[PDB]
């Protein structure tokens, strides 16, 4: 599916080993500190598609599918998929090629997309970089395919960032020489044939900043689908330029101020407001970035704060911001693991309740986004406009005049006082009826064009014209 196809999507990102087992167990041991395979599979995902689609997601992103180093390393098993050795075999832990095709087919049958995580930067190897036997890599079964062994000493030297090896002498990450035509042609042939064989709709490309920029356009073209890159840098001046060599990047620029705004009742609404405007103006296309606050490479939101209202606001922002919402499996069950490996909790241990606070908030926010997009072909290309901030509030508008969603977020948290926000800049007409679609109440725009938004419990508010909901299932 194309970048234009992907603008309307909403992604549930999951770790294949940690989402769902073939047997459907909700009690099977998964001690994150063990760093071992817990037994999640592609067939498990299929079994739990009702749970995902119930939150209004239109797509999933699964961790990589390639065969991994076989060892239990000092850092555990390759349960996460980022230590590949044989790119022409699947990781048999998750199932067979027929299971991965069944997953693709099962999503397509529900009108959903499959995104697959891929790494071009490196292979994985158990032990020191000086110990690597290159014959274990397929097809790259020679040291000739690899950069000379060195570690990044200076993260400000982009040549070192690209040409030296990630990892360490515990688990080494042999760095492919992606400047060689032989390595480009291998990878390009591979990714086109992966996408074709499994009917994949999009890719998440990990590790993008560690591969020189001139590699990426031919890879993205060979894939023939929307590719969203991981460029792990909060500076839009570093990260944004990568969207000129690949369709999208993950929104690490928004990540930091978004986390900081909502993780604390003292979080900066200014830094978030300013980064929204910086990305909107400066990044090649904010509507093709991936919005997130939680993944397997950072502490979970609830590891910073267990305040449920703060979690509800940050989830509402992710769904209603420019670009593709991305929620990480467990975020909807308020998982609180810190850094790796604590943030790779098994989703099944929650028992997959569909009546949890954040399951319902995500379902409501995805419902209004999916509905608004179905009625407004301009929603996805209207760049989100921050219209208001104060010390505890940000309000934003997205969508064609007459059809705009106006979202008011707060960091007051669950002990926030009851009060009325007189919101200007919404652009609704005096006297129009709005539905607050989270709480399913009505608000009427003033004669003066200001919106009197009831604020309570630090809860997010999401406004949309009542007449435009006619015949919809929203707030039945």
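Positions refer to the first chain, counted from 1. Here, rigid core means the biggest group of C-alpha atoms that superpose within 1.5 Å across both forms.
**Q** Looking at C-alpha RMS in 5 other deposited structures of this protein with the core superposed, is it 126-134 or 90-98 that drifts more?
**A** Comparing 90-98 with 126-134, the one that moves more in 5 other deposited structures of this protein is 126-134.
**Q** Would you mind working out which of 337-345 and 152-160 sits farther from this form in 5 other deposited structures of this protein by RMS C-alpha distance, with the rigid core as the fit?
**A** Per-stretch check in 5 other deposited structures of this protein: the more divergent one is 152-160.
**Q** Taking the recorded C-alpha temperature factors, which stretch has the higher mean, 228-236 or 99-107?
**A** Looking at the record's C-alpha B-factors, the answer is 99-107.
**Q** With respect to the recorded C-alpha B factors, which stretch has the higher mean value, 439-447 or 410-418?
**A** Averaged over C-alpha atoms, the B-factors run higher in 439-447.
**Q** Between 14, 20, 11, 455, let me know which has the highest C-alpha B-factor in the entry?
**A** Within the set 14, 20, 11, 455, 455 shows the top C-alpha B-factor.
**Q** Given 246, 152, 118, 362, identify the residue with the highest C-alpha B factor in the PDB entry.
**A** Across 246, 152, 118, 362, the entry lists the biggest C-alpha B-factor for 152.
**Q** How does residue 57 rank on Cα B-factor within its chain, lowest, middle or highest third?
**A** Middle third of the chain for residue 57's C-alpha B-factor.
**Q** Which third, lowest, middle or highest, does the CA B-factor of residue 328 fall in along this chain?
**A** According to the entry, residue 328 has a C-alpha B-factor in the chain's lowest third.
**Q** Within this chain's modelled residues, let me know which third the CA B factor of residue 37 belongs to: lowest, middle or highest.
**A** Tercile = lowest for this residue's CA B-factor.
**Q** Report the third (lowest, middle or highest) to which the CA temperature factor of residue 426 belongs, ranking only the modelled residues of the same chain.
**A** According to the entry, residue 426 has a C-alpha B-factor in the chain's highest third.
**Q** Based on the deposited C-alpha B factors for this chain, I'd like to know if residue 340 is in the lowest, middle or highest third.
**A** Its C-alpha B-factor belongs to the lowest third of this chain's values.
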